[PDB]
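**Q** output the structure for:
(2 chains, ligands or ions: 2)
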Number of protein chains: 2
Amino acid sequence: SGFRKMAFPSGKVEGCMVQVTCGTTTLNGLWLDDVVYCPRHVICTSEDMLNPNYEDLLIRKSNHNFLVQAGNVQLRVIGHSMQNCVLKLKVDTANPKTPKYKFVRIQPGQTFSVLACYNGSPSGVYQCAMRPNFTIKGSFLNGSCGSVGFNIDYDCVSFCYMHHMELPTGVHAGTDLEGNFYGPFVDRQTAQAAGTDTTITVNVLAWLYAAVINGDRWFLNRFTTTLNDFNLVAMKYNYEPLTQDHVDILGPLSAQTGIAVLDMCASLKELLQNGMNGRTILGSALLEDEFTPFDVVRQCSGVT
Amino acid sequence: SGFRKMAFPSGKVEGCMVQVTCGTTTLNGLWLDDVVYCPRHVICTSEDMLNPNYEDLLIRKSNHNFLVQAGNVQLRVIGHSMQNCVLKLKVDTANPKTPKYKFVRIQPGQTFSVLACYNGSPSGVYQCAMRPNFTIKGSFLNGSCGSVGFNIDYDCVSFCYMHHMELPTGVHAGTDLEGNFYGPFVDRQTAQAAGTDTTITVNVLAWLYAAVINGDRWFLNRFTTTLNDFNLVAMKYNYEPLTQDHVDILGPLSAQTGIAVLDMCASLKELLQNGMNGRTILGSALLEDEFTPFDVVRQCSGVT
Ligand SMILES: CNc1ccc(N(Cc2ccsc2)C(=O)Cn2nnc3ccccc32)cc1
Ligand SMILES: CNc1ccc(N(Cc2ccsc2)C(=O)Cn2nnc3ccccc32)cc1
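**A** Numbers count the residues shown, from 1 in each chain, chains lettered A, B, ... in the order given. Ligands and ions are numbered 1, 2, ... in the order given. Below is the structure:
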């Protein structure tokens, strides 16, 4: 028992991290097979970030201008190209540590682990969720760009995020591994405000199920509700509308605990309406929304 | 910016995890050089755990009874011995993935990362603190025994914890890598209750400094206090007494923010006395105590 904000083991990703330098800018890259992926803003100075013309800036760069170092060994760059907001640097050596991998574009509400890196070296790992406004609440400092988000299915690493920027709000924006930004964000130092950060209702319910499994049951009540009634309450509290798909995904958690999904919705409704009254659930004094139903089952079963 | 419960990158430890089986019991082991470390209760059945005589149980075991598998390859066991509550299995092959490492016995209040494992395979990583009552609040299921806690100083892995048991309270107990339990716990399925779980005051203050660095400053007030006055309040709230050593360790955080340690103590005093009034600090609605002052500096500087 016990429930923690657990990240995937980061070893398979640590073996892919490299340092990429272009001119005076150094950030992280992801070396998979014979390609190194990195944010295209590596070709910019801080002066360029106000209104960069990436196609024009890239014309002034040749293969030899991209310095790629894997630990202490220099990779030879034999090609470069821009795909959306990422640069793909073809190198002459396939990464011997390349794991089985996929590039996936995740949905808002889905979770992933981030291996924060600086100068191609890993500093730490933590679990994230793609917010419904397509930002992530990470922990990134200057030089962390190119750090990636991923999930792991036994031996396969699904890369879903590459860090590009911190919004003036202190929240983070980035792309999938095809270089497409999540949300409306652009790689320009401009006024970009994130939309309403709604709470991921299906994840809060999954976390309530995790709480019941792990012994925290004080919040269970004698009530039930309907999807429409629950959603009137979810709207008032800036919670995502709950759908039948969400109820279906909570099915295994419902079956394991014997608590019908709508009954858990009624517990959640009372918690929204009455607050925690100074009490805690799984060591938290707020409703946690960064565990998916899949995460709860994975953690409560012991998948390796 | 942003502040997260960050774990160390787990790659160097993932390369050490193996599966150890003795009879019908399978748990995790730690392979470093030519030795595999694991909990001695691997020699027990659940029947034995009520009152085990480990020396007597071990006499019935030979080197060939300890099955050690590293991924899919079997290690040859050429020696075995019991050191306190751990077994050390001498194998004929040095682990090629052995990192630079040390065995350290940590102090209560200190933090570490845990790589939860099952059947020698890693499932996830999370950040912990050794509680002042010498328990850890982890996420462990049956088969997780032998999973280890560690810290990393650039290339050196300091192993500090090996998981042994879950107390009837849902909290966790284990040993250092010399097999000595943290706290008064014994590897016997018996009545063992943890003492008072006090809050790690120096860590809460470190986290308040992290909050100010990252922009959450609402809790700063116009007051100051003294160590003796603060400690009268800390006692009332089951917080650890703050010492001059703790103030000294907070020195760098104080210098960086310009907020004197006793002034932060006065903010903490008001937060203890008045609560958060429905507000949050670094996304938490309670006072976080599982970041040391070293953790805050490390995360806020970008150490790899
Ligand atoms: C020289 N090149 C350069 C490139 C990028 C940045 N910017 C601004 C920006 C605008 C549009 S895309 C990126 C970043 O946001 C970087 N970054 N990322 N995460 C960060 C956390 C803390 C501090 C900085 C961080 C700055 C300089
Ligand atoms: C057959 N051998 C055996 C050995 C140990 C255990 N016990 C009881 C126990 C008493 C004294 S030392 C250990 C554990 O506590 C194992 N364990 N650890 N973390 C756990 C989380 C969830 C469930 C079980 C967990 C049980 C069986």
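
**Q** wait, what's in contact with whichever residue of the stretch 1-150 of chain A sits closest to ligand 2?
**A** Of the stretch 1-150 of chain A, the residue with the smallest distance to ligand 2, taken as CB to the nearest ligand atom, is residue A:1 at 5.8 Å. Every residue, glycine included, has its C-beta placed from N, CA and C. For residue A:1, the contact set (CB atoms under 8 Å, 6 or more residues apart in numbering or on different chains) comprises A:213-215, B:139-141, B:166, B:170.

**Q** including neighbour count, could these go into a markdown table?
**A** Shown next, in a markdown table, are those (neighbours: other CB atoms under 10 Å in any protein chain shown):
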| residue | neighbour count |
| --- | --- |
| A:213 | 19 |
| A:214 | 18 |
| A:215 | 13 |
| B:139 | 24 |
| B:140 | 24 |
| B:141 | 15 |
| B:166 | 20 |
| B:170 | 16 |
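
**Q** return the subset of these lying in strands.
**A** If you go by DSSP state E, the contacts of residue A:1 have residue B:166 in strands.

**Q** and ligand 2, which of the contacts of residue A:1 reach it?
**A** For ligand 2, the contacts drawn from these by CB under 6 Å from any ligand atom are B:140-141, B:166.

**Q** ok, those residues vs residue A:279, which is closest?
**A** Nearest to residue A:279, judged by CB to CB, of those is residue B:166 at 23.2 Å.

**Q** for the stretch 1-150 of chain A, which residues are neighbours of chain B?
**A** Contact residues, the stretch 1-150 of chain A versus chain B (CB under 8 Å from any CB of the partner chain): A:1-12, A:14-15, A:115-119, A:121-126, A:137-141, A:143-144.

**Q** which ChimeraX command selects the buried ones in these?
**A** For the buried members of the residues of the stretch 1-150 of chain A next to chain B, the matching ChimeraX selection, counting by 16 or more other CB atoms under 10 Å in any protein chain shown, is:
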select /A:2,3,4,5,6,7,8,9,10,11,12,14,15,115,116,117,118,119,121,122,123,124,125,126,137,138,139,140,143,144
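
**Q** quickly note the distance from the residue nearest to residue A:244 when sequence neighbours are not counted to residue A:269.
**A** Spatially, and ignoring its direct neighbours in sequence, residue A:244 is nearest to residue A:227 (7.2 Å; CB to CB, 6 or more residues apart in numbering or on different chains). Relative to residue A:269, residue A:227 is positioned 12 Å away (CB to CB, to the nearest Å).

**Q** ok, those two, which is more surrounded?
**A** Applying other CB atoms under 10 Å in any protein chain shown to residue A:227 and residue A:269 shows that residue A:269 carries more neighbours, namely 21 against 16.

**Q** and that one, what is it in contact with?
**A** Shown here is residue A:269, whose contacts under the criterion CB under 8 Å, 6+ apart are A:223, A:225, A:229-230, A:233.

**Q** now, those residues that are in helices?
**A** In helices, defined here by DSSP state H, the members of the contacts of residue A:269 are A:229-230, A:233.

**Q** quick one: which of the residues you listed has the most company?
**A** Sorting those by how many neighbours each has (other CB under 10 Å) puts residue A:230 first, at 24 neighbours.

**Q** list the residues that contact that residue.
**A** Per CB under 8 Å, 6+ apart, neighbours of residue A:230: A:242, A:262, A:265-266, A:268-269.

**Q** a markdown table for those, including secondary structure?
**A** Below are these laid out as a markdown table (DSSP: H, G, I helix; E, B strand; the rest coil):
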| residue | secondary structure |
| --- | --- |
| A:242 | coil |
| A:262 | helix |
| A:265 | helix |
| A:266 | helix |
| A:268 | helix |
| A:269 | helix |
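
**Q** closest one to residue A:68 out of those, please.
**A** Nearest to residue A:68 among the contacts of residue A:230 is residue A:242, at 46.1 Å by CB to CB.

**Q** how far away is the closest one from residue A:259?
**A** Distance of residue A:242 to residue A:259, computed by CB to CB: 15 Å.

**Q** who has more neighbours, those two?
**A** residue A:242 (22 against 18).

**Q** surely the more buried one meets residue A:227?
**A** Yes: when contacts are counted by CB atoms under 8 Å, residue A:242 is listed as touching residue A:227 (6.1 Å).

**Q** give me the common contacts of those two.
**A** residue A:265.

**Q** residue boundaries of the helices in the stretch 1-150 of chain A?
**A** Using DSSP state H, counting those that start in this stretch, the helices of the stretch 1-150 of chain A run over A:11-14, A:54-59.

**Q** next, work out how far apart the closest residue to ligand 1 within the stretch 201-304 of chain A and residue B:289 are.
**A** Distance from ligand 1 to each residue of the stretch 201-304 of chain A (CB to the nearest ligand atom) is smallest for residue A:290, at 19.7 Å. With distances taken as CB to CB, residue A:290 is found 20 Å from residue B:289.
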